[PDB]
$ cat my_file-v1.pdb   # PDB, N, CA and C atoms
MODEL        1
ATOM      1  N   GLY F   1     -43.489 -64.856   6.862
ATOM      2  CA  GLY F   1     -42.443 -64.150   7.637
ATOM      3  C   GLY F   1     -43.026 -63.394   8.809
ATOM      4  N   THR F   2     -42.195 -63.102   9.800
ATOM      5  CA  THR F   2     -42.647 -62.406  10.993
ATOM      6  C   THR F   2     -42.229 -60.931  10.949
ATOM      7  N   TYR F   3     -42.666 -60.240   9.888
ATOM      8  CA  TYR F   3     -42.349 -58.823   9.661
ATOM      9  C   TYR F   3     -40.888 -58.644   9.232
ATOM     10  N   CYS F   4     -39.984 -59.304   9.932
ATOM     11  CA  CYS F   4     -38.578 -59.321   9.567
ATOM     12  C   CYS F   4     -38.063 -60.756   9.677
ATOM     13  N   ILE F   5     -36.794 -60.980   9.373
ATOM     14  CA  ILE F   5     -36.205 -62.311   9.479
ATOM     15  C   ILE F   5     -36.238 -62.763  10.933
ATOM     16  N   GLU F   6     -36.728 -63.976  11.158
ATOM     17  CA  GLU F   6     -36.951 -64.473  12.505
ATOM     18  C   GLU F   6     -35.641 -64.696  13.248
ATOM     19  N   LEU F   7     -35.738 -64.631  14.564
ATOM     20  CA  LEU F   7     -34.586 -64.688  15.445
ATOM     21  C   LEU F   7     -33.926 -66.063  15.379
ATOM     22  N   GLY F   8     -32.662 -66.079  14.990
ATOM     23  CA  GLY F   8     -31.926 -67.323  14.892
ATOM     24  C   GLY F   8     -31.489 -67.636  13.476
ATOM     25  N   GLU F   9     -32.077 -66.948  12.510
ATOM     26  CA  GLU F   9     -31.778 -67.194  11.109
ATOM     27  C   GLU F   9     -30.547 -66.423  10.654
ATOM     28  N   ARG F  10     -30.035 -66.806   9.493
ATOM     29  CA  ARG F  10     -28.868 -66.167   8.905
ATOM     30  C   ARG F  10     -29.290 -64.907   8.167
ATOM     31  N   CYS F  11     -28.478 -63.871   8.250
ATOM     32  CA  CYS F  11     -28.771 -62.630   7.557
ATOM     33  C   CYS F  11     -27.591 -62.204   6.691
ATOM     34  N   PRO F  12     -27.859 -61.446   5.614
ATOM     35  CA  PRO F  12     -26.806 -60.833   4.801
ATOM     36  C   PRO F  12     -26.116 -59.711   5.565
ATOM     37  N   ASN F  13     -25.002 -59.224   5.031
ATOM     38  CA  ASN F  13     -24.232 -58.165   5.679
ATOM     39  C   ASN F  13     -25.140 -56.995   6.075
ATOM     40  N   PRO F  14     -25.200 -56.681   7.387
ATOM     41  CA  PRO F  14     -26.093 -55.651   7.945
ATOM     42  C   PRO F  14     -25.914 -54.272   7.319
ATOM     43  N   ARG F  15     -24.807 -54.068   6.621
ATOM     44  CA  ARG F  15     -24.569 -52.810   5.925
ATOM     45  C   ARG F  15     -25.612 -52.603   4.827
ATOM     46  N   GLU F  16     -26.224 -53.702   4.393
ATOM     47  CA  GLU F  16     -27.286 -53.654   3.391
ATOM     48  C   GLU F  16     -28.621 -53.293   4.038
ATOM     49  N   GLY F  17     -28.645 -53.299   5.362
ATOM     50  CA  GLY F  17     -29.861 -53.020   6.094
ATOM     51  C   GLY F  17     -30.258 -54.183   6.977
ATOM     52  N   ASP F  18     -30.654 -53.901   8.215
ATOM     53  CA  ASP F  18     -31.074 -54.962   9.116
ATOM     54  C   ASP F  18     -32.485 -55.418   8.774
ATOM     55  N   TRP F  19     -32.588 -56.571   8.128
ATOM     56  CA  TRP F  19     -33.881 -57.200   7.883
ATOM     57  C   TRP F  19     -34.162 -58.208   8.989
ATOM     58  N   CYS F  20     -33.299 -58.165   9.983
ATOM     59  CA  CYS F  20     -33.338 -59.015  11.169
ATOM     60  C   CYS F  20     -34.254 -58.461  12.235
ATOM     61  N   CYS F  21     -34.817 -57.298  11.944
ATOM     62  CA  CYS F  21     -35.023 -56.130  12.839
ATOM     63  C   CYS F  21     -34.956 -56.346  14.372
ATOM     64  N   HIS F  22     -34.195 -57.331  14.811
ATOM     65  CA  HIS F  22     -33.596 -57.313  16.136
ATOM     66  C   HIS F  22     -32.188 -56.750  15.980
ATOM     67  N   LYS F  23     -31.250 -57.610  15.591
ATOM     68  CA  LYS F  23     -29.952 -57.166  15.105
ATOM     69  C   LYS F  23     -29.342 -58.223  14.195
ATOM     70  N   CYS F  24     -28.868 -57.808  13.030
ATOM     71  CA  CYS F  24     -28.077 -58.685  12.183
ATOM     72  C   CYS F  24     -26.638 -58.555  12.626
ATOM     73  N   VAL F  25     -26.200 -59.517  13.403
ATOM     74  CA  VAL F  25     -24.960 -59.399  14.125
ATOM     75  C   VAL F  25     -24.008 -60.533  13.747
ATOM     76  N   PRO F  26     -22.714 -60.220  13.584
ATOM     77  CA  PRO F  26     -21.701 -61.224  13.269
ATOM     78  C   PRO F  26     -21.487 -62.212  14.410
ATOM     79  N   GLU F  27     -21.725 -63.473  14.114
ATOM     80  CA  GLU F  27     -21.520 -64.553  15.065
ATOM     81  C   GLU F  27     -20.492 -65.521  14.495
ATOM     82  N   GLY F  28     -19.217 -65.217  14.688
ATOM     83  CA  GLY F  28     -18.176 -66.023  14.082
ATOM     84  C   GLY F  28     -17.878 -65.587  12.661
ATOM     85  N   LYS F  29     -18.227 -66.416  11.690
ATOM     86  CA  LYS F  29     -17.932 -66.114  10.293
ATOM     87  C   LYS F  29     -19.180 -65.709   9.522
ATOM     88  N   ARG F  30     -20.332 -65.842  10.149
ATOM     89  CA  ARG F  30     -21.587 -65.519   9.497
ATOM     90  C   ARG F  30     -22.306 -64.410  10.242
ATOM     91  N   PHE F  31     -23.382 -63.933   9.649
ATOM     92  CA  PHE F  31     -24.257 -62.976  10.300
ATOM     93  C   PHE F  31     -25.570 -63.660  10.643
ATOM     94  N   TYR F  32     -26.111 -63.349  11.802
ATOM     95  CA  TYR F  32     -27.349 -63.958  12.254
ATOM     96  C   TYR F  32     -28.269 -62.913  12.856
ATOM     97  N   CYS F  33     -29.560 -63.145  12.730
ATOM     98  CA  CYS F  33     -30.548 -62.307  13.370
ATOM     99  C   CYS F  33     -30.641 -62.683  14.837
ATOM    100  N   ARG F  34     -29.933 -61.940  15.666
ATOM    101  CA  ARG F  34     -29.855 -62.235  17.084
ATOM    102  C   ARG F  34     -30.407 -61.079  17.887
ATOM    103  N   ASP F  35     -30.670 -61.339  19.150
ATOM    104  CA  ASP F  35     -31.010 -60.289  20.080
ATOM    105  C   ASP F  35     -29.780 -60.021  20.930
ATOM    106  N   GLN F  36     -28.926 -59.149  20.425
ATOM    107  CA  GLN F  36     -27.619 -58.928  21.008
ATOM    108  C   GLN F  36     -27.302 -57.441  21.012
TER     109      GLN F  36
ENDMDL
END
$ encode --input "my_file-v1.pdb" --output "structure tokens"
Amino acid sequence: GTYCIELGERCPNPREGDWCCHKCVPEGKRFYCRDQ
């Protein structure tokens, strides 16, 4: 892993904590680790 979930991958609800550590952001119906 790259310290956190890599950019572009799916993430669980960010309320549980951003393991995306860019941003775990809702993209439609899912959450993704995006730079947004």
$ residues_around --input "my_file-v1.pdb" --residues "residue 5 in chain F" --least-positions-apart "4" --cutoff "8 Å" --atoms "all atoms listed in the file" --output "ChimeraX atom specification"
/F:1,9-11,18-22,33-34
$ select_by_dssp --input "my_file-v1.pdb" --residues "chain F" --states "strand (DSSP E)" --output "list in words"
residues 23, 24, 25, 26, 27, 30, 31, 32, 33 and 34 of chain F
$ atom_distance --input "my_file-v1.pdb" --atom1 "atom N of residue 35 in chain F" --atom2 "atom N of residue 15 in chain F"
15.6 Å
$ atom_distance --input "my_file-v1.pdb" --atom1 "CA of residue 6 in chain F" --atom2 "CA of residue 23 in chain F"
10.4 Å
$ atom_distance --input "my_file-v1.pdb" --atom1 "atom N of residue 12 in chain F" --atom2 "atom C of residue 31 in chain F"
6.0 Å
$ axis_aligned_box --input "my_file-v1.pdb" --around "range 4-22 of chain F" --padding-each-side "3 Å" --output "AutoDock Vina command-line options"
--center_x -32.1 --center_y -60.1 --center_z 9.8 --size_x 21.8 --size_y 21.0 --size_z 18.7
$ build_atoms --input "my_file-v1.pdb" --residues "range 13-30 of chain F" --atoms "N, CA, C and O atoms" --output "PDB file, in the coordinates of the input"
ATOM      1  N   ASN F  13     -25.002 -59.224   5.031  1.00  0.00           N
ATOM      2  CA  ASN F  13     -24.232 -58.165   5.679  1.00  0.00           C
ATOM      3  C   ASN F  13     -25.140 -56.995   6.075  1.00  0.00           C
ATOM      4  O   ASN F  13     -25.783 -56.383   5.221  1.00  0.00           O
ATOM      5  N   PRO F  14     -25.200 -56.681   7.387  1.00  0.00           N
ATOM      6  CA  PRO F  14     -26.093 -55.651   7.945  1.00  0.00           C
ATOM      7  C   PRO F  14     -25.914 -54.272   7.319  1.00  0.00           C
ATOM      8  O   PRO F  14     -26.774 -53.403   7.469  1.00  0.00           O
ATOM      9  N   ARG F  15     -24.807 -54.068   6.621  1.00  0.00           N
ATOM     10  CA  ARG F  15     -24.569 -52.810   5.925  1.00  0.00           C
ATOM     11  C   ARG F  15     -25.612 -52.603   4.827  1.00  0.00           C
ATOM     12  O   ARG F  15     -25.865 -51.479   4.394  1.00  0.00           O
ATOM     13  N   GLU F  16     -26.224 -53.702   4.393  1.00  0.00           N
ATOM     14  CA  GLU F  16     -27.286 -53.654   3.391  1.00  0.00           C
ATOM     15  C   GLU F  16     -28.621 -53.293   4.038  1.00  0.00           C
ATOM     16  O   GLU F  16     -29.604 -53.005   3.350  1.00  0.00           O
ATOM     17  N   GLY F  17     -28.645 -53.299   5.362  1.00  0.00           N
ATOM     18  CA  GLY F  17     -29.861 -53.020   6.094  1.00  0.00           C
ATOM     19  C   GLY F  17     -30.258 -54.183   6.977  1.00  0.00           C
ATOM     20  O   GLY F  17     -30.192 -55.338   6.551  1.00  0.00           O
ATOM     21  N   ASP F  18     -30.654 -53.901   8.215  1.00  0.00           N
ATOM     22  CA  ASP F  18     -31.074 -54.962   9.116  1.00  0.00           C
ATOM     23  C   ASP F  18     -32.485 -55.418   8.774  1.00  0.00           C
ATOM     24  O   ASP F  18     -33.460 -54.745   9.102  1.00  0.00           O
ATOM     25  N   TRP F  19     -32.588 -56.571   8.128  1.00  0.00           N
ATOM     26  CA  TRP F  19     -33.881 -57.200   7.883  1.00  0.00           C
ATOM     27  C   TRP F  19     -34.162 -58.208   8.989  1.00  0.00           C
ATOM     28  O   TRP F  19     -35.119 -58.961   8.949  1.00  0.00           O
ATOM     29  N   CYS F  20     -33.299 -58.165   9.983  1.00  0.00           N
ATOM     30  CA  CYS F  20     -33.338 -59.015  11.169  1.00  0.00           C
ATOM     31  C   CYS F  20     -34.254 -58.461  12.235  1.00  0.00           C
ATOM     32  O   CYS F  20     -34.535 -59.145  13.214  1.00  0.00           O
ATOM     33  N   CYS F  21     -34.817 -57.298  11.944  1.00  0.00           N
ATOM     34  CA  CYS F  21     -35.023 -56.130  12.839  1.00  0.00           C
ATOM     35  C   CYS F  21     -34.956 -56.346  14.372  1.00  0.00           C
ATOM     36  O   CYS F  21     -35.576 -55.607  15.136  1.00  0.00           O
ATOM     37  N   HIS F  22     -34.195 -57.331  14.811  1.00  0.00           N
ATOM     38  CA  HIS F  22     -33.596 -57.313  16.136  1.00  0.00           C
ATOM     39  C   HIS F  22     -32.188 -56.750  15.980  1.00  0.00           C
ATOM     40  O   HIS F  22     -31.961 -55.561  16.193  1.00  0.00           O
ATOM     41  N   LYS F  23     -31.250 -57.610  15.591  1.00  0.00           N
ATOM     42  CA  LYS F  23     -29.952 -57.166  15.105  1.00  0.00           C
ATOM     43  C   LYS F  23     -29.342 -58.223  14.195  1.00  0.00           C
ATOM     44  O   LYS F  23     -29.327 -59.403  14.536  1.00  0.00           O
ATOM     45  N   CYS F  24     -28.868 -57.808  13.030  1.00  0.00           N
ATOM     46  CA  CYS F  24     -28.077 -58.685  12.183  1.00  0.00           C
ATOM     47  C   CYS F  24     -26.638 -58.555  12.626  1.00  0.00           C
ATOM     48  O   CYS F  24     -25.958 -57.579  12.308  1.00  0.00           O
ATOM     49  N   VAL F  25     -26.200 -59.517  13.403  1.00  0.00           N
ATOM     50  CA  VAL F  25     -24.960 -59.399  14.125  1.00  0.00           C
ATOM     51  C   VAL F  25     -24.008 -60.533  13.747  1.00  0.00           C
ATOM     52  O   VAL F  25     -24.432 -61.675  13.548  1.00  0.00           O
ATOM     53  N   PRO F  26     -22.714 -60.220  13.584  1.00  0.00           N
ATOM     54  CA  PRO F  26     -21.701 -61.224  13.269  1.00  0.00           C
ATOM     55  C   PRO F  26     -21.487 -62.212  14.410  1.00  0.00           C
ATOM     56  O   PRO F  26     -21.112 -61.834  15.522  1.00  0.00           O
ATOM     57  N   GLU F  27     -21.725 -63.473  14.114  1.00  0.00           N
ATOM     58  CA  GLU F  27     -21.520 -64.553  15.065  1.00  0.00           C
ATOM     59  C   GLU F  27     -20.492 -65.521  14.495  1.00  0.00           C
ATOM     60  O   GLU F  27     -20.851 -66.521  13.875  1.00  0.00           O
ATOM     61  N   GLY F  28     -19.217 -65.217  14.688  1.00  0.00           N
ATOM     62  CA  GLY F  28     -18.176 -66.023  14.082  1.00  0.00           C
ATOM     63  C   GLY F  28     -17.878 -65.587  12.661  1.00  0.00           C
ATOM     64  O   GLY F  28     -17.334 -64.505  12.440  1.00  0.00           O
ATOM     65  N   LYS F  29     -18.227 -66.416  11.690  1.00  0.00           N
ATOM     66  CA  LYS F  29     -17.932 -66.114  10.293  1.00  0.00           C
ATOM     67  C   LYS F  29     -19.180 -65.709   9.522  1.00  0.00           C
ATOM     68  O   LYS F  29     -19.097 -65.276   8.370  1.00  0.00           O
ATOM     69  N   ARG F  30     -20.332 -65.842  10.149  1.00  0.00           N
ATOM     70  CA  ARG F  30     -21.587 -65.519   9.497  1.00  0.00           C
ATOM     71  C   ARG F  30     -22.306 -64.410  10.242  1.00  0.00           C
ATOM     72  O   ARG F  30     -21.891 -64.004  11.329  1.00  0.00           O
TER      73      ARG F  30
END
